[PDB]
Amino acid sequence: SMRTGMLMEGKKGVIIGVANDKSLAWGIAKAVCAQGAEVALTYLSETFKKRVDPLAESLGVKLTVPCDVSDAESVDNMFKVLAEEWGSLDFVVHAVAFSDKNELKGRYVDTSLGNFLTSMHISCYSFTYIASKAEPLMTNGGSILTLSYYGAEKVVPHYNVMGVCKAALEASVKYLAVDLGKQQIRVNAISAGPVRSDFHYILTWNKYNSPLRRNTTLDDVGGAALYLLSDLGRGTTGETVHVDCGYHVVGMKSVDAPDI
Amino acid sequence: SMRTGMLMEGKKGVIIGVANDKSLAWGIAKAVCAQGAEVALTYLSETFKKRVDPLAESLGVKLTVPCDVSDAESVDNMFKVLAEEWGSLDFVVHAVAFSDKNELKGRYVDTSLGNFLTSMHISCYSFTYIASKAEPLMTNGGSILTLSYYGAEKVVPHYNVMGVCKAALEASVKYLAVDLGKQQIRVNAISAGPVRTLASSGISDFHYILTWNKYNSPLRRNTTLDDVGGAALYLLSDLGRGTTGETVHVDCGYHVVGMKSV
């Protein structure tokens, strides 16, 4: 639980998507809390609250609030609570995605309408709606951040409809940046490499072929989130920053990496 | 009505989205028909058959079929009709998009859920569904084409959720190209510059968009239906056999402009 710097001192923000200590949302929470941020964590509903409690305790988080990002009334209530507790907000982190697991295993061309719309609602639209509700609380400027992946830009096998959803999200970041920039609110994404069967293969491929010859870590993603959410990042908006050990630059499997 | 070449001789295909003679879909139809294609034109419902009849007659099109891309049964019936008439298909052109006109006037951040979902369904998902229906009719290869716009890539006015929908569409093109390429089916998009379709739309932002593109594009003119037709001829004919997953800009160069023409 050790705080190690003061880069986020005096900044208050909500992180949406921390359900365990292995996730990207957790890596970001740990990084900003270690730099003095005052954080609220969300949990899906009362039934799943006891899972967030100890994560909040280790971070030093004192405010946890219910939020189901597919439910407009739940999101509205969450911001009402933050408004009452804090009056203003400095940052929002949106680390939530959803898509049908079985359709990911199939071909993209076989995607069903229901899965397409559900995935788009949770993975893409929720960010826009959340941004709309955060705006009146972010009077003194601030920073809103979401997460993406290289499958938004190039075809990654079995990422299917999530690639399409993340492409939509990356575009939404740009349109949001224009709307919210009038209030000095930045809007950005981190395009993260995979962090350590299908998943094992993608992770190994990234290890073998990335320029740094390692996988992305939670600490890497936390560092980038600190840039974007602190005063260091005041001049960057509408951007998708790759935090993937350089994988995005590679146009072909390394000649001396093994095929797998 | 006069055929001028043979680039599409022996190719059969369906064009979805021709409702008048001013649209991109019409420009494409005119171009492929003039090169010898056998074309089927869709119309939205029985109400609109009167509007498409004279367009089809002037193109020499003998097959028209209902197709409302929000209704899976309608789409399924359309491909049933093509399979019965032709047995196989060489090309598909998808020129359909929809969003709530009132939300376009406002801010992207105020987009409603209903508008987002409906725009996504019609403007992006329908292309994927149509591609899935075409696949078994194109075992011998061919070409599937959709339309996009620079608002998919960069923020432009009076576009809002359509920018997000088009970005999703351009990503879907890439995924579809991987799925359908083993069968030698190419999947591509044309990112077209704005064209005047109405004498006056009554929307100042549209006048602005058109004017800005005209004066600041490298060619110092607006995109025409002929321009888009020619690009479609590349992508849909044998000339385009080696290109797939691509979004080709047919916008008089506007996409390269970082500031303004001097």
# chains A, B, ... in the order shown; residues from 1 in each chain; ligands from 1
>>> residues_around(residues="residue 241 in chain B", least_positions_apart="3", cutoff="9 Å", atoms="only C-alpha atoms", output="number ranges by chain")
B: 142-143, 184-186, 234-238, 244
>>> select_by_dssp(residues="range 36-105 of chain B", states="helix (DSSP H, G or I)", output="VMD selection string")
chain B and resid 46 to 59 72 to 86 101 to 104
>>> write_last_selection(atoms="N, CA and C atoms", output="short mmCIF file (atom, residue, chain, number, x, y, z; two decimals), in the first residue's frame")
data_model
loop_
_atom_site.label_atom_id
_atom_site.label_comp_id
_atom_site.auth_asym_id
_atom_site.auth_seq_id
_atom_site.Cartn_x
_atom_site.Cartn_y
_atom_site.Cartn_z
N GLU B 46 -42.14 -1.76 -50.86
CA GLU B 46 -43.12 -1.65 -51.96
C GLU B 46 -43.47 -0.20 -52.31
N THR B 47 -43.50 0.66 -51.29
CA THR B 47 -43.67 2.13 -51.42
C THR B 47 -42.71 2.82 -52.39
N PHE B 48 -41.48 2.31 -52.48
CA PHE B 48 -40.40 2.97 -53.20
C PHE B 48 -40.06 2.32 -54.54
N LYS B 49 -40.81 1.28 -54.92
CA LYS B 49 -40.59 0.61 -56.21
C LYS B 49 -40.82 1.57 -57.38
N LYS B 50 -41.83 2.43 -57.24
CA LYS B 50 -42.11 3.49 -58.24
C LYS B 50 -40.89 4.37 -58.50
N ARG B 51 -40.15 4.73 -57.46
CA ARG B 51 -38.95 5.57 -57.61
C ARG B 51 -37.79 4.87 -58.34
N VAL B 52 -37.61 3.57 -58.11
CA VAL B 52 -36.46 2.84 -58.68
C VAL B 52 -36.71 2.33 -60.10
N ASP B 53 -37.98 2.09 -60.45
CA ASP B 53 -38.35 1.62 -61.78
C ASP B 53 -37.70 2.43 -62.92
N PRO B 54 -37.91 3.76 -62.95
CA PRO B 54 -37.29 4.52 -64.03
C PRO B 54 -35.74 4.57 -63.99
N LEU B 55 -35.15 4.55 -62.80
CA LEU B 55 -33.68 4.51 -62.69
C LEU B 55 -33.16 3.23 -63.32
N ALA B 56 -33.78 2.10 -62.97
CA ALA B 56 -33.42 0.80 -63.48
C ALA B 56 -33.59 0.70 -65.01
N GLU B 57 -34.71 1.22 -65.50
CA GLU B 57 -34.98 1.19 -66.94
C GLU B 57 -33.89 1.94 -67.69
N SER B 58 -33.47 3.07 -67.16
CA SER B 58 -32.48 3.87 -67.88
C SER B 58 -31.10 3.21 -67.86
N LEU B 59 -30.82 2.43 -66.81
CA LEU B 59 -29.56 1.66 -66.72
C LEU B 59 -29.58 0.36 -67.51
N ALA B 72 -33.61 -8.78 -41.24
CA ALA B 72 -32.86 -9.95 -41.70
C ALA B 72 -33.66 -10.78 -42.69
N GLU B 73 -34.97 -10.89 -42.49
CA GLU B 73 -35.77 -11.71 -43.41
C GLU B 73 -35.77 -11.10 -44.81
N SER B 74 -35.82 -9.77 -44.87
CA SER B 74 -35.80 -9.04 -46.15
C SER B 74 -34.48 -9.31 -46.89
N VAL B 75 -33.38 -9.22 -46.14
CA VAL B 75 -32.06 -9.47 -46.71
C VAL B 75 -31.98 -10.92 -47.17
N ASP B 76 -32.48 -11.84 -46.34
CA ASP B 76 -32.42 -13.26 -46.67
C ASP B 76 -33.22 -13.53 -47.93
N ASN B 77 -34.42 -12.95 -48.02
CA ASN B 77 -35.23 -13.09 -49.22
C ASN B 77 -34.52 -12.53 -50.46
N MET B 78 -33.80 -11.42 -50.30
CA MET B 78 -33.14 -10.83 -51.45
C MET B 78 -32.09 -11.78 -52.01
N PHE B 79 -31.30 -12.40 -51.14
CA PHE B 79 -30.28 -13.33 -51.59
C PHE B 79 -30.89 -14.62 -52.13
N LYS B 80 -32.06 -14.99 -51.60
CA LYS B 80 -32.81 -16.12 -52.17
C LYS B 80 -33.20 -15.85 -53.62
N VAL B 81 -33.68 -14.64 -53.89
CA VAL B 81 -34.06 -14.24 -55.25
C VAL B 81 -32.83 -14.24 -56.18
N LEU B 82 -31.70 -13.70 -55.72
CA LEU B 82 -30.50 -13.68 -56.59
C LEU B 82 -29.99 -15.08 -56.86
N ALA B 83 -30.03 -15.95 -55.85
CA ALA B 83 -29.58 -17.31 -56.02
C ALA B 83 -30.46 -18.02 -57.06
N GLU B 84 -31.77 -17.78 -56.98
CA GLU B 84 -32.72 -18.37 -57.95
C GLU B 84 -32.52 -17.86 -59.37
N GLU B 85 -32.34 -16.55 -59.51
CA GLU B 85 -32.16 -15.95 -60.82
C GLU B 85 -30.82 -16.26 -61.46
N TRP B 86 -29.74 -16.17 -60.68
CA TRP B 86 -28.40 -16.21 -61.22
C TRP B 86 -27.54 -17.39 -60.82
N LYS B 101 -30.95 12.56 -37.86
CA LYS B 101 -30.53 13.87 -38.41
C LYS B 101 -30.45 14.96 -37.35
N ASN B 102 -31.31 14.90 -36.34
CA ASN B 102 -31.31 15.93 -35.29
C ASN B 102 -30.08 15.84 -34.39
N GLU B 103 -29.57 14.65 -34.17
CA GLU B 103 -28.38 14.54 -33.33
C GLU B 103 -27.11 15.00 -34.05
N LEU B 104 -27.12 14.99 -35.38
CA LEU B 104 -25.98 15.48 -36.17
C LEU B 104 -25.70 16.95 -35.95
#
>>> residues_around(residues="residue 247 in chain B", least_positions_apart="3", cutoff="10 Å", atoms="only C-alpha atoms", output="ChimeraX atom specification")
/B:145-149,170-171,173-174,187-192,243-244,250
>>> write_last_selection(atoms="N, CA, C and O atoms", output="tab-separated table (two decimals), in the first residue's frame")
chain	number	residue	atom	x	y	z
B	145	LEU	N	-17.96	-4.32	-51.79
B	145	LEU	CA	-17.52	-2.93	-51.69
B	145	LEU	C	-18.50	-2.17	-50.81
B	145	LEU	O	-19.71	-2.36	-50.97
B	146	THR	N	-17.99	-1.35	-49.89
B	146	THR	CA	-18.80	-0.41	-49.14
B	146	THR	C	-18.25	1.00	-49.30
B	146	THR	O	-17.20	1.23	-49.97
B	147	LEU	N	-18.96	1.96	-48.73
B	147	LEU	CA	-18.60	3.39	-48.86
B	147	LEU	C	-18.30	3.93	-47.47
B	147	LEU	O	-18.98	3.59	-46.50
B	148	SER	N	-17.24	4.72	-47.36
B	148	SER	CA	-16.90	5.40	-46.14
B	148	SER	C	-16.63	6.89	-46.47
B	148	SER	O	-16.95	7.39	-47.58
B	149	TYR	N	-16.05	7.58	-45.50
B	149	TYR	CA	-15.82	9.02	-45.54
B	149	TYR	C	-14.76	9.36	-44.50
B	149	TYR	O	-14.61	8.68	-43.49
B	170	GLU	N	-14.79	0.58	-41.40
B	170	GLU	CA	-13.46	0.41	-42.01
B	170	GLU	C	-12.66	-0.73	-41.31
B	170	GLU	O	-11.98	-1.50	-41.97
B	171	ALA	N	-12.80	-0.88	-39.98
B	171	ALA	CA	-12.23	-2.03	-39.30
B	171	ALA	C	-12.86	-3.35	-39.72
B	171	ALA	O	-12.13	-4.34	-39.93
B	173	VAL	N	-14.15	-4.09	-42.59
B	173	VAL	CA	-13.60	-4.40	-43.93
B	173	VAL	C	-12.35	-5.27	-43.80
B	173	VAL	O	-12.16	-6.22	-44.58
B	174	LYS	N	-11.48	-4.93	-42.86
B	174	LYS	CA	-10.22	-5.67	-42.68
B	174	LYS	C	-10.49	-7.11	-42.18
B	174	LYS	O	-9.97	-8.07	-42.71
B	187	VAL	N	-12.68	-7.56	-50.22
B	187	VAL	CA	-13.58	-6.68	-49.44
B	187	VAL	C	-12.85	-5.36	-49.28
B	187	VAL	O	-11.71	-5.29	-48.71
B	188	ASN	N	-13.49	-4.30	-49.75
B	188	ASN	CA	-12.87	-2.97	-49.73
B	188	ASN	C	-13.91	-1.87	-49.48
B	188	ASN	O	-15.11	-2.08	-49.60
B	189	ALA	N	-13.40	-0.68	-49.22
B	189	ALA	CA	-14.22	0.53	-49.09
B	189	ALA	C	-13.66	1.65	-49.96
B	189	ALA	O	-12.44	1.74	-50.15
B	190	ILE	N	-14.55	2.54	-50.40
B	190	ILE	CA	-14.14	3.81	-51.04
B	190	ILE	C	-14.51	4.92	-50.06
B	190	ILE	O	-15.65	5.02	-49.63
B	191	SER	N	-13.52	5.71	-49.65
B	191	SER	CA	-13.74	6.86	-48.80
B	191	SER	C	-13.90	8.05	-49.74
B	191	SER	O	-12.93	8.59	-50.28
B	192	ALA	N	-15.15	8.43	-49.97
B	192	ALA	CA	-15.49	9.42	-50.98
B	192	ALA	C	-15.53	10.82	-50.37
B	192	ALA	O	-15.99	11.02	-49.23
B	243	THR	N	-6.12	-6.22	-54.56
B	243	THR	CA	-6.34	-5.26	-53.47
B	243	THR	C	-7.51	-5.75	-52.61
B	243	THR	O	-8.60	-6.01	-53.11
B	244	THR	N	-7.27	-5.89	-51.32
B	244	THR	CA	-8.34	-6.24	-50.41
B	244	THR	C	-8.02	-5.67	-49.04
B	244	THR	O	-6.83	-5.42	-48.67
B	250	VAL	N	-11.15	8.67	-52.49
B	250	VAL	CA	-11.59	9.22	-53.79
B	250	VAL	C	-12.24	10.57	-53.46
B	250	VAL	O	-13.46	10.69	-53.31
>>> interface_residues(of="chain A", to="chain B", cutoff="10 Å", atoms="only C-alpha atoms", output="PyMOL selection string")
chain A and resi 72+107-114+116-118+120-121+124-133+135+151-161+163-180
>>> residues_around(residues="residue 47 in chain A", least_positions_apart="5", cutoff="12 Å", atoms="only C-alpha atoms", output="list in words")
residues 52, 53 and 66 of chain A
>>> write_last_selection(atoms="C-alpha atoms", output="CSV table (one decimal), in the first residue's frame")
chain,number,residue,atom,x,y,z
A,52,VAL,CA,-13.8,-5.2,-4.4
A,53,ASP,CA,-13.6,-4.5,-0.7
A,66,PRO,CA,-22.0,0.7,-7.5
>>> residues_around(residues="range 202-210 of chain B", least_positions_apart="4", cutoff="9 Å", atoms="only C-alpha atoms", output="mmCIF file with N, CA, C and O atoms, in the first residue's frame")
data_model
loop_
_atom_site.group_PDB
_atom_site.id
_atom_site.type_symbol
_atom_site.label_atom_id
_atom_site.label_comp_id
_atom_site.auth_asym_id
_atom_site.auth_seq_id
_atom_site.Cartn_x
_atom_site.Cartn_y
_atom_site.Cartn_z
ATOM 1 N N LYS B 105 -26.732 17.733 -35.605
ATOM 2 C CA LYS B 105 -26.610 19.174 -35.438
ATOM 3 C C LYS B 105 -25.909 19.529 -34.111
ATOM 4 O O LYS B 105 -25.348 20.632 -33.955
ATOM 5 N N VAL B 156 -14.659 15.762 -38.400
ATOM 6 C CA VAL B 156 -15.220 16.706 -39.341
ATOM 7 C C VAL B 156 -16.601 17.123 -38.822
ATOM 8 O O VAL B 156 -17.195 16.406 -38.034
ATOM 9 N N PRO B 157 -17.115 18.292 -39.255
ATOM 10 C CA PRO B 157 -18.403 18.764 -38.732
ATOM 11 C C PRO B 157 -19.632 17.976 -39.197
ATOM 12 O O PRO B 157 -19.625 17.354 -40.271
ATOM 13 N N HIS B 158 -20.660 18.008 -38.365
ATOM 14 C CA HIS B 158 -22.012 17.529 -38.707
ATOM 15 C C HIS B 158 -22.006 16.034 -39.047
ATOM 16 O O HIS B 158 -22.658 15.585 -39.995
ATOM 17 N N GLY B 193 -15.091 11.803 -51.143
ATOM 18 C CA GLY B 193 -15.262 13.172 -50.726
ATOM 19 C C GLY B 193 -16.739 13.554 -50.831
ATOM 20 O O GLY B 193 -17.508 12.838 -51.466
ATOM 21 N N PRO B 194 -17.135 14.672 -50.201
ATOM 22 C CA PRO B 194 -18.540 15.058 -50.312
ATOM 23 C C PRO B 194 -18.951 15.423 -51.735
ATOM 24 O O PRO B 194 -18.171 15.976 -52.495
ATOM 25 N N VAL B 195 -20.197 15.121 -52.077
ATOM 26 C CA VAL B 195 -20.732 15.470 -53.386
ATOM 27 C C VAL B 195 -22.037 16.238 -53.156
ATOM 28 O O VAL B 195 -22.773 15.930 -52.216
ATOM 29 N N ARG B 196 -22.353 17.191 -54.016
ATOM 30 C CA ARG B 196 -23.685 17.854 -53.914
ATOM 31 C C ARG B 196 -24.755 16.912 -54.465
ATOM 32 O O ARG B 196 -24.699 16.551 -55.646
ATOM 33 N N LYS B 214 -13.879 21.739 -51.754
ATOM 34 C CA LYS B 214 -13.616 22.277 -53.070
ATOM 35 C C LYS B 214 -12.361 23.152 -53.122
ATOM 36 O O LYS B 214 -11.520 22.976 -54.001
ATOM 37 N N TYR B 215 -12.233 24.109 -52.215
ATOM 38 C CA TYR B 215 -11.167 25.063 -52.327
ATOM 39 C C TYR B 215 -9.862 24.582 -51.763
ATOM 40 O O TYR B 215 -8.818 25.105 -52.147
ATOM 41 N N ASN B 222 -14.674 19.526 -56.203
ATOM 42 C CA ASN B 222 -15.327 18.483 -55.447
ATOM 43 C C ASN B 222 -15.271 17.152 -56.180
ATOM 44 O O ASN B 222 -15.269 17.104 -57.406
#
>>> closest_residue(among="A:69, A:44, A:225, A:122", to="residue 100 in chain A", atoms="only C-alpha atoms")
A:122
>>> select_by_dssp(residues="range 20-251 of chain A", states="strand (DSSP E or B)", output="PyMOL selection string")
chain A and resi 38-43+63-66+91-94+142-148+185-192+195+216+240-243
>>> write_last_selection(atoms="N, CA and C atoms", output="compact mmCIF listing (two decimals), in the first residue's frame")
# COMPACT_ATOMS: atom_id res chain seq x y z
N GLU A 38 -6.64 10.52 -4.89
CA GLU A 38 -7.81 10.10 -4.14
C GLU A 38 -8.73 9.41 -5.13
N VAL A 39 -8.95 8.10 -4.95
CA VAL A 39 -9.63 7.29 -5.95
C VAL A 39 -10.91 6.73 -5.37
N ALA A 40 -11.94 6.65 -6.21
CA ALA A 40 -13.13 5.85 -5.98
C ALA A 40 -13.08 4.66 -6.94
N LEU A 41 -13.39 3.47 -6.44
CA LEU A 41 -13.58 2.29 -7.25
C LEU A 41 -15.04 1.93 -7.37
N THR A 42 -15.44 1.45 -8.54
CA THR A 42 -16.77 1.00 -8.77
C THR A 42 -16.77 -0.52 -8.67
N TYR A 43 -17.94 -1.07 -8.34
CA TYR A 43 -18.25 -2.50 -8.42
C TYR A 43 -19.63 -2.68 -9.09
N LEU A 63 -13.73 5.17 -0.87
CA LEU A 63 -15.04 5.34 -1.53
C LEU A 63 -15.20 4.27 -2.61
N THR A 64 -16.22 3.42 -2.46
CA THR A 64 -16.57 2.45 -3.49
C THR A 64 -18.04 2.66 -3.79
N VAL A 65 -18.39 2.56 -5.06
CA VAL A 65 -19.70 2.95 -5.52
C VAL A 65 -20.17 1.93 -6.55
N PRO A 66 -21.45 1.55 -6.50
CA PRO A 66 -21.97 0.66 -7.52
C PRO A 66 -22.03 1.33 -8.89
N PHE A 91 -10.29 13.10 -12.80
CA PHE A 91 -10.06 12.06 -13.80
C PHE A 91 -11.10 10.94 -13.75
N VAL A 92 -11.27 10.30 -14.89
CA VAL A 92 -12.08 9.09 -15.02
C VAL A 92 -11.27 8.06 -15.79
N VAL A 93 -11.23 6.83 -15.31
CA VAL A 93 -10.66 5.71 -16.06
C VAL A 93 -11.76 4.70 -16.37
N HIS A 94 -11.89 4.35 -17.64
CA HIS A 94 -12.89 3.43 -18.17
C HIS A 94 -12.15 2.23 -18.67
N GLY A 142 -9.33 18.41 -16.63
CA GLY A 142 -9.02 17.06 -16.13
C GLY A 142 -8.79 16.13 -17.31
N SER A 143 -8.93 14.84 -17.05
CA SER A 143 -8.44 13.81 -17.96
C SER A 143 -9.34 12.58 -17.89
N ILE A 144 -9.82 12.12 -19.05
CA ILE A 144 -10.63 10.92 -19.18
C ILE A 144 -9.88 9.94 -20.06
N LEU A 145 -9.77 8.69 -19.61
CA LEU A 145 -8.92 7.69 -20.23
C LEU A 145 -9.66 6.38 -20.43
N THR A 146 -9.48 5.75 -21.59
CA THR A 146 -10.00 4.42 -21.89
C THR A 146 -8.86 3.53 -22.41
N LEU A 147 -9.16 2.27 -22.63
CA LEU A 147 -8.18 1.27 -23.01
C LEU A 147 -8.54 0.67 -24.35
N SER A 148 -7.53 0.46 -25.18
CA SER A 148 -7.72 -0.19 -26.48
C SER A 148 -6.63 -1.24 -26.71
N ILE A 185 -10.73 19.46 -20.76
CA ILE A 185 -10.73 18.05 -20.42
C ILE A 185 -10.09 17.28 -21.59
N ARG A 186 -9.02 16.56 -21.29
CA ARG A 186 -8.38 15.67 -22.27
C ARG A 186 -9.07 14.31 -22.30
N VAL A 187 -9.08 13.69 -23.47
CA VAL A 187 -9.68 12.39 -23.69
C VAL A 187 -8.68 11.58 -24.52
N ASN A 188 -8.23 10.44 -23.98
CA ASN A 188 -7.20 9.63 -24.59
C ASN A 188 -7.44 8.14 -24.33
N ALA A 189 -6.72 7.31 -25.08
CA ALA A 189 -6.72 5.86 -24.89
C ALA A 189 -5.30 5.36 -24.78
N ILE A 190 -5.15 4.26 -24.05
CA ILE A 190 -3.91 3.48 -24.06
C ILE A 190 -4.18 2.20 -24.78
N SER A 191 -3.40 1.95 -25.83
CA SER A 191 -3.49 0.69 -26.57
C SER A 191 -2.43 -0.23 -25.97
N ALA A 192 -2.88 -1.15 -25.15
CA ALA A 192 -1.99 -1.96 -24.33
C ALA A 192 -1.69 -3.30 -25.00
N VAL A 195 -1.06 -8.80 -21.34
CA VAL A 195 -0.32 -8.90 -20.07
C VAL A 195 -0.51 -10.31 -19.49
N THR A 216 4.19 -6.69 -22.15
CA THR A 216 3.66 -5.55 -21.39
C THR A 216 3.35 -5.97 -19.96
N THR A 240 -4.26 7.90 -29.03
CA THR A 240 -4.14 6.51 -28.58
C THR A 240 -2.65 6.19 -28.45
N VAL A 241 -2.18 5.98 -27.22
CA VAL A 241 -0.75 5.78 -26.95
C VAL A 241 -0.51 4.29 -26.87
N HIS A 242 0.45 3.78 -27.65
CA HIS A 242 0.75 2.37 -27.61
C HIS A 242 1.70 2.05 -26.46
N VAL A 243 1.26 1.13 -25.62
CA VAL A 243 2.02 0.64 -24.47
C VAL A 243 2.07 -0.86 -24.63
>>> atom_distance(atom1="CA of residue 61 in chain B", atom2="CA of residue 39 in chain B")
5.9 Å
>>> atom_distance(atom1="CA of residue 141 in chain B", atom2="CA of residue 90 in chain B")
7.0 Å
>>> atom_distance(atom1="CA of residue 247 in chain A", atom2="CA of residue 242 in chain B")
26.8 Å
>>> decode(residues="range 125-142 of chain A", atoms="N, CA, C and O atoms", output="short mmCIF file (atom, residue, chain, number, x, y, z; two decimals), in the first residue's frame")
data_model
loop_
_atom_site.label_atom_id
_atom_site.label_comp_id
_atom_site.auth_asym_id
_atom_site.auth_seq_id
_atom_site.Cartn_x
_atom_site.Cartn_y
_atom_site.Cartn_z
N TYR A 125 -20.06 2.58 -26.57
CA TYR A 125 -21.00 3.64 -26.17
C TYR A 125 -20.88 4.03 -24.69
O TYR A 125 -20.99 5.22 -24.36
N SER A 126 -20.67 3.07 -23.81
CA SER A 126 -20.58 3.42 -22.38
C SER A 126 -19.56 4.52 -22.08
O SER A 126 -19.74 5.30 -21.18
N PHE A 127 -18.47 4.55 -22.83
CA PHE A 127 -17.44 5.57 -22.62
C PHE A 127 -18.01 6.95 -22.94
O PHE A 127 -17.75 7.89 -22.23
N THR A 128 -18.75 7.06 -24.02
CA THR A 128 -19.32 8.33 -24.42
C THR A 128 -20.34 8.80 -23.38
O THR A 128 -20.35 9.97 -22.98
N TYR A 129 -21.20 7.88 -22.94
CA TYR A 129 -22.21 8.23 -21.95
C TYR A 129 -21.58 8.65 -20.63
O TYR A 129 -21.98 9.67 -20.04
N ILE A 130 -20.57 7.89 -20.19
CA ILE A 130 -19.81 8.22 -18.98
C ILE A 130 -19.14 9.59 -19.10
O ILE A 130 -19.23 10.42 -18.19
N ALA A 131 -18.53 9.86 -20.25
CA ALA A 131 -17.94 11.18 -20.48
C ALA A 131 -18.98 12.31 -20.37
O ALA A 131 -18.66 13.37 -19.82
N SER A 132 -20.20 12.08 -20.90
CA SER A 132 -21.25 13.09 -20.84
C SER A 132 -21.64 13.41 -19.41
O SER A 132 -21.96 14.55 -19.11
N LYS A 133 -21.65 12.41 -18.55
CA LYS A 133 -22.00 12.61 -17.15
C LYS A 133 -20.86 13.16 -16.30
O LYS A 133 -21.12 13.88 -15.31
N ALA A 134 -19.61 12.89 -16.68
CA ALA A 134 -18.45 13.42 -15.97
C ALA A 134 -18.26 14.91 -16.27
O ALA A 134 -17.84 15.66 -15.39
N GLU A 135 -18.60 15.35 -17.48
CA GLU A 135 -18.33 16.71 -17.94
C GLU A 135 -18.72 17.83 -16.94
O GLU A 135 -17.89 18.67 -16.65
N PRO A 136 -19.96 17.82 -16.41
CA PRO A 136 -20.33 18.91 -15.50
C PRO A 136 -19.60 18.92 -14.18
O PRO A 136 -19.56 19.97 -13.52
N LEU A 137 -18.98 17.81 -13.82
CA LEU A 137 -18.16 17.69 -12.64
C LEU A 137 -16.72 18.11 -12.84
O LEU A 137 -15.98 18.26 -11.86
N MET A 138 -16.30 18.27 -14.09
CA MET A 138 -14.93 18.52 -14.41
C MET A 138 -14.79 19.95 -14.88
O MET A 138 -14.39 20.25 -16.00
N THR A 139 -15.10 20.84 -13.95
CA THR A 139 -15.21 22.26 -14.27
C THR A 139 -13.84 22.87 -14.49
O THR A 139 -13.67 23.63 -15.47
N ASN A 140 -12.89 22.49 -13.62
CA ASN A 140 -11.48 22.88 -13.68
C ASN A 140 -10.62 22.02 -14.61
O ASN A 140 -9.47 21.80 -14.30
N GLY A 141 -11.17 21.47 -15.69
CA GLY A 141 -10.36 20.59 -16.57
C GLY A 141 -10.15 19.21 -15.98
O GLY A 141 -10.67 18.90 -14.93
N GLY A 142 -9.33 18.41 -16.63
CA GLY A 142 -9.02 17.06 -16.13
C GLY A 142 -8.79 16.13 -17.31
O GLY A 142 -8.49 16.60 -18.42
#
